[PDB]
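The structure appears right after this line, and notes come after that.
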Amino acid sequence: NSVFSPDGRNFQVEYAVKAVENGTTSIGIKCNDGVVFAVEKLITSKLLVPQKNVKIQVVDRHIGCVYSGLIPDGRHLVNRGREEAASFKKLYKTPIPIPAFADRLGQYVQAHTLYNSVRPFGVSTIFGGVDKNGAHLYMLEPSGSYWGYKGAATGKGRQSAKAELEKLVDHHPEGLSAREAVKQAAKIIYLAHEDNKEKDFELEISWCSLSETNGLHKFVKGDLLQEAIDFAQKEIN
Amino acid sequence: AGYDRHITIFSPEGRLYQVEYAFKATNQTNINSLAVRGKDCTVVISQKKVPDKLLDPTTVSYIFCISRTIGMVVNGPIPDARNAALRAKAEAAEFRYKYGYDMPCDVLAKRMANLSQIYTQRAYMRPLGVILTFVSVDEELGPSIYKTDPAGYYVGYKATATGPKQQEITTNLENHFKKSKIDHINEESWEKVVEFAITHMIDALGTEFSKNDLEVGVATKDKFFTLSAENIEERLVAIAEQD
Amino acid sequence: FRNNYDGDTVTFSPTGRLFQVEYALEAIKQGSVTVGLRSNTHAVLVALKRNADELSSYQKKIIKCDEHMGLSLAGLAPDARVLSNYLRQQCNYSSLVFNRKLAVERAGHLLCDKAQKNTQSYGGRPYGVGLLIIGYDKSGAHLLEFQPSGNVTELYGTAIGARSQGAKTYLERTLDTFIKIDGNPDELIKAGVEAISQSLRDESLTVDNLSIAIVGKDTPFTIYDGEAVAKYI
Amino acid sequence: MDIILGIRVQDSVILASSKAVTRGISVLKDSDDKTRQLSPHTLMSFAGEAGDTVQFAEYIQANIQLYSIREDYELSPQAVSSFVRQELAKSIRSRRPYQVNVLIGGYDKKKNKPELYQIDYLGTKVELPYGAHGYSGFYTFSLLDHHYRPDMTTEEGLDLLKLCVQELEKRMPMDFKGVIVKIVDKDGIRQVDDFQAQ
Amino acid sequence: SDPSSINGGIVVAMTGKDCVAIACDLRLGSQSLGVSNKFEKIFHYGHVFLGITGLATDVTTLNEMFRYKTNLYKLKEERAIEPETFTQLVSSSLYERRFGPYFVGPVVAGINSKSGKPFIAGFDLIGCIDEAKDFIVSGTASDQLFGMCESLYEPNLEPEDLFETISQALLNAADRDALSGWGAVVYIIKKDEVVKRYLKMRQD
Amino acid sequence: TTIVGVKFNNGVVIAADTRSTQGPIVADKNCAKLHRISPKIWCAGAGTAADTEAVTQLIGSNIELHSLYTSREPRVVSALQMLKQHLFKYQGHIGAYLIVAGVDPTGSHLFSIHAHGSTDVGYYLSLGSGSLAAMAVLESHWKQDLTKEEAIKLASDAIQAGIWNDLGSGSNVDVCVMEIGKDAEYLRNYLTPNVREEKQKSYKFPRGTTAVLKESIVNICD
Amino acid sequence: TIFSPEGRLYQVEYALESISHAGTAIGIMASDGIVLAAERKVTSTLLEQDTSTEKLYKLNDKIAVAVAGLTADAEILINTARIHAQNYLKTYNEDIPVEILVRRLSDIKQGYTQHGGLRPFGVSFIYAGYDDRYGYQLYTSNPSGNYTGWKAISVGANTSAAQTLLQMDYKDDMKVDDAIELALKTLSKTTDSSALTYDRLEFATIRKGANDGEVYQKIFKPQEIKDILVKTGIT
Amino acid sequence: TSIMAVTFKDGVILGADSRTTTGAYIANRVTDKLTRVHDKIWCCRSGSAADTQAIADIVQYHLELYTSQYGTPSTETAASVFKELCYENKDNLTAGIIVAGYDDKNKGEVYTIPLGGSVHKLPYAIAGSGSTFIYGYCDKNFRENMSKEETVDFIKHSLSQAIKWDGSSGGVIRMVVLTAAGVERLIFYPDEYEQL
Amino acid sequence: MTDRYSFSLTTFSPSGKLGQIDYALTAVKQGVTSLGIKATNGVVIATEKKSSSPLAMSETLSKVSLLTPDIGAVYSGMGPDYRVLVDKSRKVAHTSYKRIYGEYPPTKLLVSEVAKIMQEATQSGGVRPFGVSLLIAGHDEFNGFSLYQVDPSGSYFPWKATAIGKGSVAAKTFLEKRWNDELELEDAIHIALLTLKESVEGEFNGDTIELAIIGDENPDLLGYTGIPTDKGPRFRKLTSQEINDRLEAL
Ligand SMILES: [Mg+2]
Ligand SMILES: [Mg+2]
Ligand SMILES: [Mg+2]
Ligand SMILES: [Mg+2]
Ligand SMILES: [Mg+2]
Ligand SMILES: [Mg+2]
C-alpha cells in the first residue's frame, strides 16, 4: 500500500483496480443541465426481488453516486461522502459544490494508499450533480485520481461503453438533453451487457437535472424507465 | 524482498530506496514544466495532455492556487499532488492567522519539505511521489521559485524545469543565462515573460503547442493567477510573428 | 497468486481478490444448513440444528432481534452473537429515539457496513458467519441474505450452509407457488420444511433437528423448537 | 478539640493523646487510641477531620512498613517525618486535602537521641522539645516553657505530662476522657496502661 | 485567612562594599500562638543565598525544590549556579505556578564568583523580579523594613558596618510586628568567607 | 505606571516612568518597564507586573524562533497576533496591558493590547494609572509629522505628567527610539528629575552596637 | 524481548556482545576508598582531553559510574539516575543509599527486557559509592537488568583476563593507594595498545576526604593521571 | 457604539462611529470599526472588543481557506461562519456582529447576528448601544433601491443622531461602500455631521 | 492513520552491531566534507556548497546555521535531516534552557540536547536514525571556546580540530600536522581554507565555500544600544567577499 515499486508504481492500487474491472458495469452521462447515472444489476437468480437491491446512492439531496467493484467498499465511501457533505453544509450553509465534494472523496481515497496498515478501496465511483454553476460528472479511481467527465464508464463493460460514450460526444457537440441522455444510458448499459450475457440483468437509472428534477437527485421509475428500456431493446436489434 | 526496500530504513550503502522510488513516480504522468523569473513577476508553464476524449479538459490541471500570492505546479500523480495542494493551502491560511502576514513562498517550501523529511524518517508514512514548484513575487524577496522533492530537499532557483525531459529544458535555460549574465529575464510585462517561457520550451522540446497543449500560471505583486485557453492563444499568436 | 497474499484482510491479490474474506466465506459452507422464504403476509426461517455428540444439545441457529425482526445463522456461531447483538441495539435505538420500527432494508445496510470495516482493518479479521434475516415492517414481509464480505441482498427465498444448493434450486423452482401463500402461516412453514429436505445426505429430521421461526402481519417473530415443531415433520 | 501532646526528654519521646470520640451531642467512645506505630522505633499521633484522620495514619503506616521490608532497614525518624511532610504538602493543593495534624515521636538508633516532630495539615514541619496540636497548646506551651529541662528522665517527663493533663482537665471546655500515654525509647514503643488515676 | 499572614516572619538583604548581607527572624507561629523559636528562613546553594518569607509549608517546599534544581544544575554544568542565574530560575519556577502560587516572598543574595559583583533580588509570589541594588525586604513587617532601610542605608559599607545597619533594620522592624521576631540570624557574605551571627532580641 | 507610545515621521518612540509599587509602598525606585520583544520591537507594560514581563518573554522567545525559521526580521504584527491570541486564550486572567512599538521591513508600528486580548492601532497612546495625565499632554501637543527630536520631547513630557500628578508613577523617564533605518536606541534614565536630597544626618552605627548571641563560619565548598 | 528455545533473550545477549568490544572499565573497592579506572577507545591527538568525559560520570556527591558501551544510551540512564537521587533527597532529606539507586536503574533496564518491543540499552555500569549503612560499595549492572556487588570488577573488553588478574592480587585489607596501583597494572596488562598513556585514560577515586569525616569524589584531571602513571612505575 | 449596514441599488454600505470607551473614559476616539473578512465581505463589531476581534480573525481565516479550495464565498456563507462561532460559543462571548457583502449573483446583502447567535437577513441593520435612539428615524427614512449618495446621506444622518444621544458613540463617521466597482472608504468629521 | 511499527527499527545483530547506525554513518561518509578548527580566540566551521544545479541560487541554501547567538552548526550527510535537527535544536535551546535560566545554553549542554534527539531516533518505535553528523562550534562565559562532533548514534566528542564526510581521513591527517595550541583565529581560518582545497573538485571561491566563526561579540550586529552588558552575537557567517580576500593571500 505505502510501498513504491522500483519503477515508482503501487502494485496494491493496481491490484485494487483489477477488483474494479471484475465488477458490474456502471456509467454516467453529462447533459446540458443535469447528469444521468445508470448501472447493470446481474440477476443471479429468480429469487432476487426486482427493483429492490438499489445500487445507486444519494449524497445530500443533489448528488448521485454509482460504483463498480466491491459494493461494500462503495457504501463505505458514500457514508464518508455523506459525513463530508453534512459537515460542509453545517459550516458554510450552502450545499457542497460538486468539485468540492469530488475532492473530499479524492483525499479520503488517496489517504488509503499512504499507510501499510490499510488497503486501497476496491471501487471506481462515478458521481455528480447540479450546483450553483452547472452540472458536473466525476470518476474516482482506487488511487484517488479523479477528473471531470462528459461521460464515464467503469467495470466489466467499460470499453464498449466508452466507445458508445465517445460516439455521443461527437454527434452532439452543442449539448444533449436530460430526457435524451436517460434513453441513451439505457442503451449503453444494454450494449455493455454483451460481456455478461450468461446471466440476466436489471437496469437502474437515476438523474439530477436542473429543469427536469429541479436540481435534485431522483430515481428514474415507472413510465420513464419503461420508455428507456424500450428504446434500448429496440435499438439493440 | 528485504525490508530496506519496503520501508524508509537505511540500506547497507546508506540509501533510502523508497525515497528513490518516489522520485520515479514523479515522472509517471509524462508532463514537463518550467519556471522563470521576470523583473516583477514569476511564470510557470506546464504541458497539458488530455488523452481521453471523454475527459472534461477544464478539470485537468497540475497548477494550484495556494494562497492569494503563492502558486504551485506539481510534477507527479494527481492524487498525491492534490494531497500536497490541500496541505499547503491549509498551512498557508494558518500562517496568516497566527503570524499576521502572508506566508512567504520560501517558507511554505521549507515547511512542505519538512513534512516530506518526516515521511523519509517515520516507517508508517510513504513519501509523496511528487515534486512541488512554488512561485510568487515575495514582498521581501521579489520574484521567487522554490522546489521541493520526495527527499525533503528544497532550494531557490533563477529558473527551473521538471519532468521526464527535464534536462533538455535545463540546459536550454542554462545556456540563456550564460549570455544575459543576469539571474532573471529583463522585461516589464509578465505577458512577455510568459512568451519567453513558451518559446524556450518549444525550442528545448522541439514541439509546437496549441492553446490546449499548455497551462500557464503567473504570479505578480499580490496576485497569482492562471491563464485561460484564450489568454494562451493570444500568447501563441504573439510569438508566431517574428519567430 | 495465492502465496504471499492471504496474510491479512489488508492485502489485495494480483487478481483483485481478498483471500481472508474468501476464507471466511468457507466457514459458512462448513456450517449446518438453514433456509428462509416469504410470502406477502409472512416470512419463515427453517434451520437444521447440529449436535456435536449424541449426549449433547443441538446448537441453536435462530436469534430474535426485535418483535418484527430475527435472523438465522450459518458459520461461526460466536460471530452471529456479536452481529445479532449489534442488530438488537440498532432496532432498540430506532424505537427509543424515533419511536419507529427499524426497516429490514436498513438493518441490511447496517450489517453490511459493520462487516465491511473488518475487511479493511489490520489486526482484525472478517466475520465468519452467514445470516438470513426475516422481518415484517411498514412495507410487508422481507428476507435478506448476509455474507461476511458485506454483501446483503433481498430475496423471496434462499438457503445457506452445507449442501444448501439443493434447497436453493427447489425454491427457485417453487417460486410462483409459495410467494402467494398469504394468510396461511402453517402452509408457508410446510413449504420451508419441505425446502430444507432437498439438502439432506444426512437422514430423517427429527424433533431436535429442526428449528423453525416465523414473523408476519399480525405475528411477532417467534421461535419454535422441539415439541412445537413435531406437527411439521 | 482532640488532645495531642508530645514531650521529648533525654532518653525518650512521650506522646499523650485524648481518648474521646465525639459526634455531635454524643461521646461515642472513650478509649480511642489516636496513634499508629510506623516502625519499631517510630510512633505517630494524629488529630483532625473525622474520616481522614485514621485513613492518613494507616496510609503512612503502610508505606513505612513497605520501605522497611524492601530495604530490611528502619528509616530514621527524620526521614519518616520528611516523607510525612511531603505527603501533607502534596495533599494541601489536591482536590480534597487531608485535614490531619500529627506528631511524630521517634528514637534514632544511629544517633541514640529521641526526636519529636510537629506537622500540621499544611505540611508545616518543625522539630521541637515539646509540641501540641489544636487548642491544647494554648495551655500546655506556657507550662512546659516553665517546667521543662533538656536532661529530664522518662519518669520526670511523665510528671510534667501529668501536670499538663491536669491543666487541660481544669481549663478546657470539653471532656476529652483522659489520655493514652506512650513512650518511645531505645527499646521500642510501650504504653503506660495506668494514667487515669495513677 | 491570608496565607502570607499565618506563620509570620521577615527577610532583608543589603549590599555593601564587596559584600552582601542577608537576615531573617526565627519565628514560626500559628496565628497568635508562637510555635518555634528556631525556624530559619535563609538557605544556600553553593555561594548563593536564598531567604523566604510566607506560608512555612511553601518556604520548606521551595528550599527542597531549589536544592533539587541546583544539585542537578551543578552535575550538568560542572559549576555552581551564580546569583543572577539563580534569580532567573526562582522567577520561572514561581511563574510556572501562576494560577496556584507558592505563598512566599523570596529574596536572593550573593556575589558573582566571576565578576566579584554583589547581587541581591526580590520576587512576588508569582515570580516578578524586584531588581534593587541597595536592599530587598519581605515578610509580615515589610512596611517597617522599608522604613528602617530607607533611613539607615548608605552605599559601600564595610562588612563590619553593614552588619550593624542590617541588624538594626531587622531588629526594630521586627519589634513593631506582632508576627515577627523571636530571635534573628544574619549572614555577612564575602567572595572568600561567610559569617553567621545569631542576634539577641526581645522574646515577646 | 505611566507608559506612552508616540509615532513620528520615520519611526516610533516609547517611554515609561521607573516606579513599581506594592500598593501604597514603593518597592523599586528605578526599575525598567521598557522590555524587548526583539531587537527592534519593544514593549511597555501595566497591570500584573509578572504577567507583562512573562507574556513579553514567551512571545519574545517564539518570535526569535520564528525569525530563524523564516530567515526574516520579526514583524510587529506577529508579536501583536501572538500576544493577543495568548491573552485571549486565558480570558483576561493574564493581567497584561501593553503598548508594543517597533520597526520592521514593512515600516513602523504602534499598538495597544488589553488583558482580554483586544488590540488597537494609533499614532499616540498611553496606559497605566498615569494614563490620563499623559493623554492630556499628548492631546495638547501631538501633531502629524513630528521629527525624532519632537517625538522624544512629547513622549518625555507625557511621562512627566504622570510622574508629577499620578501617585502610581514617579522617579525617572526611560525612552526607546525606533527609527526605520537604524538600530533601536534604548535611553535608560533619559531624565532623572527626582534625586533624593542629602539626609540631615548619618545613621552609620558605632561598631559593637548590636548584641550577638553566638557566631560561626559558614561552609560554602565541598 | 522474546525468548529463545534455550531460554535466552537474544537482544540482551547481543547487547552484551556489543559491550565486550567497548573499552575496559575497572572498579576496585578498598577499606578507605574506591577506585574507578577506564580506557578510552583508540582516539586521536586532536581529541580535546581536558574537556572530555566518555567513561566516568558523577551521579550525586557520593556515587559515580564507569560506563562501558553506547555512550548516548548511558547518558539517557545517567540523567534519570541523577533525578532518582534528587527525588530521594527531596522525600527523605537523606542522600540515596547506593543500592536503592542501583536497583532503580537495573529495573529500568529489566523493563526493556520484558515489554514494549524496544531495543535494550547497550550499556554496562560499574557503580562506586558511599553511604552510612554499608560504607564503600561497588556494584555492576548490564543490559539484562541484573546487578551484583563486588570487591573488584571489570566491564567491557577482556573482562575474562582482567578478572583473573584482580582475583590474583586483590586482598581485603588494601588501602586506596594500593588499589590505584592494581587498577592501572591490570589495565596495562589487558590493553590492546603499545602503552597505556595518560591521553587514553579516565581515573577517579572516592576517598575519606583528605582530613574531615566527609566523602570526596576526585575525578582526575589529564595531568594528574600522567603523574600517577609515573608514581606507580609505568611512566 | 453605533453601527449599521444598508443595502442599496448598486450594492451595500457599512457605517460606524469611531469611539471606544472604558466606563466614561474614551480609550480611543479614532477606532476603525469596519472590519474586512474578505475583499468584499465586511462586518461591524459590537460588544466585547476582545471577543469580536478574535471572532473576526477566525472568520477571516475560514474564508481565506474557503477561497483557496472552493472559490469566492457568498455573503450568506460568511454570515454562517460567524453564526457558527457565535452560537456554539454563546456562553463565553458577548458579540453582536453585522455582516455585509457583495457579489454579482446576489448583489448587496446584510445579515445581523445579535447576542444569542441567531442570524437575520435584512434590507438594512442597526446595532450597538447608540442604535436604540435611531429605530424611529431609520424605519421612517429607509427606502429600497436608494442611490449611493442617498445611502451615504441616510447613514450619515442616522449615525449623527446616534452619536448625538449616546455618549458611548462618537468621533468620526467611517463608511465602506461595497459594489461591482470595488471598495470605497468614506470618512466624515464632527464639524460636518453635527451641523445636519 | 496510526503506526504499525511500535518497535525499534534499530536492533542489535548477533555480533553486537547496530546496523542502522552503521548504515547512517556510511550515509555521512558519502556526504560533502565539513570541518572545524579551534583557535585561542575563536572557532571556525567550514564546508563546501555542493550545488545541485547552476540554475539554483546557492545563497538560498545554507549548510552553516546559527543555533544560538554564540553557537553555530555545520554537517555532513543528508541535508533534510540537518534542517529539521537545526529547528529542533533552536527550539530546545529555548524550552529547555532560556525560558528557565534567562540565558542561552552553554555549548556542551546544547550539544547534549541535540545528541538526545539523535539517540532517540536510534531507540524509538518506527523510525530510522538521523543520517547526519554535526559539528557544533560555540562560546560561553564559563567554558570559553568549544567544538563538538555529534554522530547518528547520539555520541559526541570535543575536538581541537576534526573533519567529517568524504575526504575526512586525509583532512584529519592534514589537520594533525598543522594544528597547535597557540593559533589565532585568522591562522585557523587559513588552515581551514587550505584543508578544504584538497576536498574540492571544481571552483574554490567565496561563492562555492561556506564559512562561519565563533569570534568576539559584534555589538553592531545586536540591533540596539543602551544596554552595555549586551555585546552581541559571537557567531558570524563570513561573506562571499570576505572569503575571497583570504584566498588571494593563500
Ligand atoms: Mg473505466
Ligand atoms: Mg516512511
Ligand atoms: Mg508504511
Ligand atoms: Mg508584606
Ligand atoms: Mg515582634
Ligand atoms: Mg456621542
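Ligands are numbered from 1 in the order shown, chains are lettered A, B, ... in the order of the C-alpha cells, and residues start at 1 in each chain.
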Find the spatial neighbours of segment 137-153 of chain B, counting only C-alpha atoms, within a cut-off of 8 Å - ignore same-chain residues fewer than 2 positions away - and output them as a PyMOL selection string. (chain B and resi 19+22-23+35-42+69+104-106+109+112-117+120+127-135+155-160+219-222) or (chain F and resi 105) or (chain I and resi 79-80)
At a cut-off of 8 Å around ligand 4, and using only C-alpha atoms and all ligand atoms, what residues come up? Please write them as a compact mmCIF listing (two decimals) with C-alpha atoms, in the first residue's frame.
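The result, stored in part-v2.txt:
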```
# COMPACT_ATOMS: atom_id res chain seq x y z
CA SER E 4 1.05 35.07 53.86
CA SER E 138 9.96 40.70 52.54
CA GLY E 139 7.52 39.44 55.13
CA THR E 140 4.82 40.48 57.60
CA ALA E 141 6.92 43.52 58.66
CA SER E 142 7.92 44.69 55.20
CA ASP E 143 6.32 48.13 55.69
```
DSSP strand (DSSP E) residues within segment 9-158 of chain B, as a PyMOL selection string: chain B and resi 33-37+41-47+63-65+71-75+131-138+142-148+154-157
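Across the model, the gap from atom CA of residue 41 of chain C to atom CA of residue 217 of chain C is 5.5 Å.
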Taking only C-alpha atoms and all ligand atoms into account, report as a PyMOL selection string which residues have an atom no farther than 9 Å from an atom of ligand 6. chain H and resi 19+130+160-171
Skip segment 230-237 of chain A itself and residues of its chain fewer than 4 positions away, then list as number ranges by chain all residues within 9 Å of it, counting only C-alpha atoms. A: 183-191, 225-226
Prev. selection, N, CA and C atoms, output as a JSON list (two decimals), in the first residue's frame:
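Output (out-v6.json):
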```
[["chain", "number", "residue", "atom", "x", "y", "z"],
["A", 183, "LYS", "N", -32.52, 7.97, -21.98],
["A", 183, "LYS", "CA", -32.70, 6.93, -23.00],
["A", 183, "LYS", "C", -31.36, 6.31, -23.35],
["A", 184, "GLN", "N", -30.39, 7.17, -23.65],
["A", 184, "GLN", "CA", -29.08, 6.74, -24.11],
["A", 184, "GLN", "C", -28.35, 5.90, -23.09],
["A", 185, "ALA", "N", -28.55, 6.24, -21.81],
["A", 185, "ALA", "CA", -27.99, 5.47, -20.70],
["A", 185, "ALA", "C", -28.52, 4.04, -20.68],
["A", 186, "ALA", "N", -29.82, 3.88, -20.95],
["A", 186, "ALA", "CA", -30.42, 2.56, -21.07],
["A", 186, "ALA", "C", -29.76, 1.76, -22.20],
["A", 187, "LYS", "N", -29.52, 2.43, -23.33],
["A", 187, "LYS", "CA", -28.91, 1.79, -24.50],
["A", 187, "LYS", "C", -27.51, 1.29, -24.18],
["A", 188, "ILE", "N", -26.66, 2.20, -23.70],
["A", 188, "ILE", "CA", -25.26, 1.90, -23.42],
["A", 188, "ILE", "C", -25.10, 0.77, -22.41],
["A", 189, "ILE", "N", -25.95, 0.75, -21.39],
["A", 189, "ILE", "CA", -25.93, -0.35, -20.42],
["A", 189, "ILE", "C", -26.28, -1.68, -21.09],
["A", 190, "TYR", "N", -27.29, -1.67, -21.96],
["A", 190, "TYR", "CA", -27.70, -2.86, -22.70],
["A", 190, "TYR", "C", -26.60, -3.41, -23.62],
["A", 191, "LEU", "N", -25.94, -2.51, -24.35],
["A", 191, "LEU", "CA", -24.82, -2.88, -25.21],
["A", 191, "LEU", "C", -23.66, -3.46, -24.40],
["A", 225, "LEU", "N", -38.86, 4.97, -17.06],
["A", 225, "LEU", "CA", -37.98, 3.81, -17.02],
["A", 225, "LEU", "C", -38.31, 2.83, -18.14],
["A", 226, "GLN", "N", -39.61, 2.54, -18.29],
["A", 226, "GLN", "CA", -40.09, 1.60, -19.31],
["A", 226, "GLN", "C", -39.79, 2.09, -20.73]]
```
Set the distance at 8 Å and use only C-alpha atoms: which residues neighbour residue 164 of chain D once local chain neighbours fewer than 2 positions away are removed? I'd like the list as a ChimeraX atom specification. /D:139-140,143,160-162,166-168
Export of the given selection (C-alpha atoms) as a compact mmCIF listing (two decimals), in the first residue's frame:
```txt
# COMPACT_ATOMS: atom_id res chain seq x y z
CA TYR D 139 -2.48 25.87 77.77
CA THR D 140 0.48 23.47 77.79
CA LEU D 143 3.59 25.33 81.45
CA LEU D 160 5.38 17.08 83.62
CA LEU D 161 2.85 15.49 81.26
CA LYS D 162 0.55 14.77 84.19
CA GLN D 166 -4.40 18.39 84.92
CA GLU D 167 -4.34 21.91 83.48
CA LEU D 168 -6.38 20.75 80.48
```
Nearest residue to residue 111 of chain A out of I:53, I:39, I:168, I:1, using only C-alpha atoms? I:1
May I have a table of the residues of chain B lying at most 7 Å from ligand 2, giving each one's closest pair of atoms and their distance in Å to one decimal, counting only C-alpha atoms and all ligand atoms, ordered by chain and ascending residue number, as JSON lines?
```
{"residue": "B:7", "atom": "CA", "partner": "ligand 2", "partner_atom_place_in_ligand_line": "1 (Mg)", "distance": 5.8}
{"residue": "B:8", "atom": "CA", "partner": "ligand 2", "partner_atom_place_in_ligand_line": "1 (Mg)", "distance": 4.6}
{"residue": "B:119", "atom": "CA", "partner": "ligand 2", "partner_atom_place_in_ligand_line": "1 (Mg)", "distance": 4.3}
{"residue": "B:120", "atom": "CA", "partner": "ligand 2", "partner_atom_place_in_ligand_line": "1 (Mg)", "distance": 5.0}
{"residue": "B:121", "atom": "CA", "partner": "ligand 2", "partner_atom_place_in_ligand_line": "1 (Mg)", "distance": 5.6}
{"residue": "B:122", "atom": "CA", "partner": "ligand 2", "partner_atom_place_in_ligand_line": "1 (Mg)", "distance": 4.6}
{"residue": "B:123", "atom": "CA", "partner": "ligand 2", "partner_atom_place_in_ligand_line": "1 (Mg)", "distance": 4.0}
{"residue": "B:124", "atom": "CA", "partner": "ligand 2", "partner_atom_place_in_ligand_line": "1 (Mg)", "distance": 5.3}
{"residue": "B:125", "atom": "CA", "partner": "ligand 2", "partner_atom_place_in_ligand_line": "1 (Mg)", "distance": 4.1}
{"residue": "B:126", "atom": "CA", "partner": "ligand 2", "partner_atom_place_in_ligand_line": "1 (Mg)", "distance": 4.4}
{"residue": "B:127", "atom": "CA", "partner": "ligand 2", "partner_atom_place_in_ligand_line": "1 (Mg)", "distance": 6.1}
```
I'd like the contact shell of segment 123-133 of chain I - 8 Å cut-off, only C-alpha atoms, skipping same-chain residues fewer than 5 positions apart - returned as a ChimeraX atom specification. /B:8-10,121-124 /G:118-119 /I:3-10,20-21,24-25,27-28,75-79,81-82,118,149-153,164
Could you list, as number ranges by chain, all the residues within 12 Å of ligand 5, counting only C-alpha atoms and all ligand atoms? E: 8-10, 25-29, 32, 34, 140-141, 144, 170-184, 201-204
Check every protein, DNA and RNA residue against ligand 1, keep those with an atom at most 10 Å away (counting only C-alpha atoms and all ligand atoms), and present them as number ranges by chain. A: 17, 20-21, 25-27, 68, 124-126, 139-141, 152-159, 161-162
For chain A against chain C, which residues fall within 6 Å using only C-alpha atoms, given as a list in words? residues 15, 16, 18, 19, 47, 48, 49, 72, 117, 118 and 119 of chain A
May I ask you to extract the residues of chain H within 7 Å of chain A, using only C-alpha atoms, and to give them as a PyMOL selection string? chain H and resi 70+77+80-81+84
Near chain F, which residues of chain B fall within 6 Å when you count only C-alpha atoms, and what do they look like as a PDB file with C-alpha atoms, in the first residue's frame?
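File written: out-v3.pdb
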```pdb
ATOM      1  CA  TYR B  99       1.627  35.407  12.497  1.00  0.00           C
ATOM      2  CA  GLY B 100      -0.340  38.247  10.932  1.00  0.00           C
ATOM      3  CA  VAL B 107       8.822  29.464   3.980  1.00  0.00           C
TER       4      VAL B 107
END
```
Residue 106 of chain I: which residues within 9 Å, counting only C-alpha atoms, same-chain residues fewer than 2 positions away excluded, as number ranges by chain? E: 77; I: 70-71, 104, 108-111, 138-143
Store the residues of this selection in a file with C-alpha atoms, as an mmCIF file, in the first residue's frame.
```
data_model
loop_
_atom_site.group_PDB
_atom_site.id
_atom_site.type_symbol
_atom_site.label_atom_id
_atom_site.label_comp_id
_atom_site.auth_asym_id
_atom_site.auth_seq_id
_atom_site.Cartn_x
_atom_site.Cartn_y
_atom_site.Cartn_z
ATOM 1 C CA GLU E 77 27.180 22.431 34.072
ATOM 2 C CA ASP I 70 27.133 32.166 20.361
ATOM 3 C CA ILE I 71 26.646 28.726 18.739
ATOM 4 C CA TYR I 104 21.430 30.789 26.317
ATOM 5 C CA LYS I 108 28.225 21.219 25.828
ATOM 6 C CA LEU I 109 24.645 21.314 27.149
ATOM 7 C CA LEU I 110 23.052 22.275 23.825
ATOM 8 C CA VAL I 111 25.218 19.624 22.087
ATOM 9 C CA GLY I 138 30.305 27.776 20.226
ATOM 10 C CA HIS I 139 31.351 30.028 23.101
ATOM 11 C CA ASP I 140 30.130 30.547 26.644
ATOM 12 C CA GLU I 141 31.369 32.692 29.546
ATOM 13 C CA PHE I 142 32.467 29.801 31.768
ATOM 14 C CA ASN I 143 33.777 27.217 29.260
#
```
